[PDB]
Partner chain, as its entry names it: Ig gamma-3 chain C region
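Here's a solo chain for you in C-alpha cells, the form solved without its partner chain.
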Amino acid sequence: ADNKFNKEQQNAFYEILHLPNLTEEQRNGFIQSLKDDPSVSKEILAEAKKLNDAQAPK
C-alpha cells in the first residue's frame, strides 16, 4: 500500500526540516510525530512554527 506523502504532508515535512530556529531535539520530535501519523501534519506544523518564531534571534 503506497504511503507517499500528498502535497499537504510533504510541504509540512520540508517546512519542519528547514525551520531555522529549532534545536535538533525539537525538530526531531516534530518529524517523528509526522513519521508516525502523517494525518496530524497540519497541527504539528502549527506547533513547530510557533516555537520557531518564539526562538528567533533578536
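Numbering follows the first chain given and starts at 1.
Here the subject shifts to the form solved in complex with its partner chain, a form of this protein not shown in this document.
Candidate site formed by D37, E43 and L51: every one of these residues places a non-hydrogen atom within 4.5 angstroms of its partner chain in the bound PDB entry.
Among residues of the shown chain, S33 is one whose heavy atoms approach its partner chain to within 4.5 Å in the bound PDB entry.
Taking the partner from the other structure, its partner chain in the bound PDB entry has no heavy atom within 4.5 Å of any heavy atom of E15.
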